[PDB]
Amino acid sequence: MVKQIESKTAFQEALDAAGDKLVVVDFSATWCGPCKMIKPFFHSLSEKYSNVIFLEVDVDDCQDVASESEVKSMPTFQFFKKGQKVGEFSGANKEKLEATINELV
């Protein structure tokens, strides 16, 4: 399962609720081709890695969250443990997404 994060407070709440679990956050947009490509793969990964938390943030809806997070490229994946950003990359690269999960869990 993927949770759509739709407020700043929700984002913090999710990071807090994760305990020590890896959290991966997909910053995306409805107009982004590469984002649309990888969305079903992000969802399949969420069903595979039961002990990793998968979040989605829409950058047009949540412009200030994205800005605060220093997002500059669509899509961006950020990785957190205990609220701390432990990794990040941009672009819709399936292998890199799953490799990074397997590097950081």
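We number the residues from 1 along the sequence you see.
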Next item on the list: Using the entry's values, work out which of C32, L55, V59, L45 has the largest Cα B factor.
Entry: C32
Check: If you rank the chain by CA B-factor, which third does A66 end up in: lowest, middle or highest?
Finding: lowest
Checklist line | Chain-relative CA temperature factor third for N102 | finding: highest
Note to self: Ranking every modelled residue in this chain by its Cα temperature factor as given in the entry, which third contains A18?
What the structure shows: highest
Margin query: Among the modelled residues of this chain, does the Cα B factor of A92 put it in the lowest, middle or highest third?
Written below: highest
